[PDB]
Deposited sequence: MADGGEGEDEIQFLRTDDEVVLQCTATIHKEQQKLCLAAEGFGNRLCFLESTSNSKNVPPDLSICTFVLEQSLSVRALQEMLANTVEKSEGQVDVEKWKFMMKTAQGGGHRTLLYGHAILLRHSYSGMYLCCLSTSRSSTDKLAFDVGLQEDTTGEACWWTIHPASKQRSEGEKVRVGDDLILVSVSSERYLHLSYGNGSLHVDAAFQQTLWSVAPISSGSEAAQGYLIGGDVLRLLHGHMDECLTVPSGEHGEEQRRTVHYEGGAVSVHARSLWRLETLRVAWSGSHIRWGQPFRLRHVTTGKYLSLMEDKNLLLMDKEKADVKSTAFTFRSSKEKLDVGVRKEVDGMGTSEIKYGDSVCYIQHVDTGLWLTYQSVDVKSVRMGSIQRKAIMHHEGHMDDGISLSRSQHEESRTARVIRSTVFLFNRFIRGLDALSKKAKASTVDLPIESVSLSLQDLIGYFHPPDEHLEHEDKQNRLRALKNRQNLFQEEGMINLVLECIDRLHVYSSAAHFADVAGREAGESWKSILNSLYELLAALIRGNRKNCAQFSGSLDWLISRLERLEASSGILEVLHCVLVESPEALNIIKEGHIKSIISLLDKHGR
């Protein structure tokens, strides 16, 4: 009945907070690119608004004892020191040296970091109550205290006079660990929750997607099937997300409901009332409207609450080999196509076509990561452009969201991400990195990233000096004006280099 935690498992860390007088269960979150600091992701509201668990997922990489200064899936014990590697970025949860918190000032920031050298990235696990003691096994759903090895502070939910962040402070916070996947349950070519994938009519040679990264950002909401090069572009990528936190990263089965998120725009596949398909904002992505399922055929689910299996005895879904039928849970309708006598329209219907058979195709790590970096960049840069827009339209600088600091940080990360291989590498090694590089470039180009960079350049160029920008946007904005522009140019050069 009870579940322990072992090294190599994926987990999330949750706490409860009072927001507008009410309790919410939140995950410890962090983005790789563009800001290394931890923040929080609500999970309690999942039936109305789907949480993004990708930024919340950590692997317990090590679990060491007292005399120390992975192993074979050692079990977590109270009093052990742990290392948490962020799944999405390759980085680790660290107690940093900086203090961006006026509230406490004896608190240290907590964020992501790759330098794993000191003690800053180690945390010791401690009992919340008398019901657990040093040496005992940490159970799933145990309330935990985490203590930084370098700084002796608690992993702490801070009510910063604004609102909610995480830090390391001498006040404690109760965290509970939820399991996401097992480090010993292998992938083996099967569909796992959290996967980024493409959905194909294999025989028709096409994939489910949306209109190209061009005009009609509102137009980009519609859904259709398309053959050709789109099958190796970002816009045909979808992230499958289960409806629960626990085990959201294990094997998916026939009948098991899920949302499907369009990676590039971050919107969720949904059925409207007039019964047409449309991508919805996270804020409107309710279960009834966004929940779908795979079915081994179009027969009947009426066998009770008994596990569904294919024509072989296997309950899981295989990449490549399995034929799948997407069903909207709430209406029971099928995801089909319709001919408009390069592409054809995706629709929901009770009959369908005899060849609705979707084949699944796992995306590569490389293209998946890239697709996600694009979504972050577009989101951040759209805020930046909008903020710049309000300012030119005379809005009071204090009321405007202008993410100067994130923009500098993202551009640095982005430039690094497009850095060509240094000469001193072996020839075959350089060739490989040059290939990854071209792919990153192609995916960025197809998503219209060049025009977006040019758009940010143009908006900054309205101003004639740093001091002119300072006058409208404030001193700190003024002092990054030229460095942001330089970075924008550098990034733009990186996008086209070697074409």
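- Counting from residue 1 of the deposited sequence, the stretches lacking C-alpha coordinates in this chain are 1-9, 79-106, 379-386, 545-606.
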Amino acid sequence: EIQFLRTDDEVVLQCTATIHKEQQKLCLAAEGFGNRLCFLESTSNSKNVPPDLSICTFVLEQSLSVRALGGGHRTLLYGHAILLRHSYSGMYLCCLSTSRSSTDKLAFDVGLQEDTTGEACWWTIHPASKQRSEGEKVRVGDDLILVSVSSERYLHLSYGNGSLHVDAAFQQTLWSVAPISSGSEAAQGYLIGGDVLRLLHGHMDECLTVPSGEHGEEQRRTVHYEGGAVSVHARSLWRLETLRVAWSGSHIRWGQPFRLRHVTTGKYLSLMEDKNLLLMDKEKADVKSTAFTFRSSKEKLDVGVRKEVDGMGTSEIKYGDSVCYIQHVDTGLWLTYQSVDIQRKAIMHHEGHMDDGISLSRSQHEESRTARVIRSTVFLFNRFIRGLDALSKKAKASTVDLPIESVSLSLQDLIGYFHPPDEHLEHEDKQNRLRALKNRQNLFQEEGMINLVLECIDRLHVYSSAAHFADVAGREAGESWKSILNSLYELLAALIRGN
From here on, numbers count along this sequence of modelled residues.
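- Mean CA B-factor, 342-350 versus 376-384: the higher value falls on 342-350.
- Averaged over Cα atoms, the B-factor as recorded in the entry is higher for 125-133 than for the other of 149-157 and 125-133.
- Taking only the listed residues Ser176, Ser236, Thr103, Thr290, the entry reports the highest CA temperature factor at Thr103.
- Across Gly79, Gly162, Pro403, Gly111, the entry's maximum B-factor at the CA atom is seen for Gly162.
- Split the chain's modelled residues into thirds by C-alpha temperature factor. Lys438 is in the middle one.
- Among all modelled residues in its chain, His461 ranks in the middle third by Cα B-factor.
- Among the modelled residues of its chain, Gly90 has a C-alpha B-factor that falls in the middle third, as given in the PDB entry.
- Per-chain ranking of the deposited C-alpha B factor places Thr98 in the middle third.
- In this PDB entry, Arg198 carries a Cα temperature factor that places it within the lowest third of its chain's modelled residues.
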